[PDB]
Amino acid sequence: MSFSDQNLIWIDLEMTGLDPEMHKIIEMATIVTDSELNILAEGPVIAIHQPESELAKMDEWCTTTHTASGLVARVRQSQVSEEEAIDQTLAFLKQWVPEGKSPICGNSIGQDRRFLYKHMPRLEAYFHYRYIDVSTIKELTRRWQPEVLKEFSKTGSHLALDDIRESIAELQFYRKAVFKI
């Protein structure tokens, strides 16, 4: 439909921790916007099954965060592996954006990309090599005109789809508040 090589792929992952070599992906969500940030389509929101031995690597922050959000229960009940989650996500993305065209979009999205390289390289390969990191603009705004940041806030629930929606909202806010294009 609105298929375009200008569309942007937004992605957020939840993990059992901060180290791709030790930890695992437990949730993935994708959203496609057009080049003007209008949300065209939301992709699969997938809790990825992990065994207790992997959930047992979570520290207090991860355990409490992902238990309170309901994600841990969804992970335990999930019947979807990483490979199946890749398959579902690629089947969605192919309907909206051509392969290799969109940068990876989100907040501190380099961290998610590290997990993709390690655990989902077939999905990492779908992105252009560049990164659209909304937190780059956050950090520049904090230094150049920090009072701007008081006009926007986030809930930060660590539910992957809700967090990526907040990433898009943050960039929409910067478009009006700190850009002149």
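Heads up: residue numbers just count along the shown sequence, starting at 1.
J.: Comparing 147-155 with 128-136, which has the greater mean CA B-factor as deposited?
T.: According to the PDB entry, the answer is 147-155.
J.: Between 19-27 and 169-177, which has the higher average C-alpha B-factor in the PDB entry?
T.: Going by the record's values, the stretch with the higher mean is 169-177.
J.: Between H119, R142, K57, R113, which carries the biggest CA temperature factor in the record?
T.: Largest recorded C-alpha B-factor: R142.
J.: Sorting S102, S78, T89, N107 by Cα temperature factor from the record, which one lands on top?
T.: Highest C-alpha B-factor among the listed options: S78.
J.: Taking the values exactly as deposited, rank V45 by C-alpha B-factor within its chain and report the matching third: lowest, middle or highest.
T.: CA B-factor rank for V45: lowest third.
J.: Test of reading the entry: by CA B factor among the chain's modelled residues, which third contains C62?
T.: Tercile = lowest for this residue's CA B-factor.
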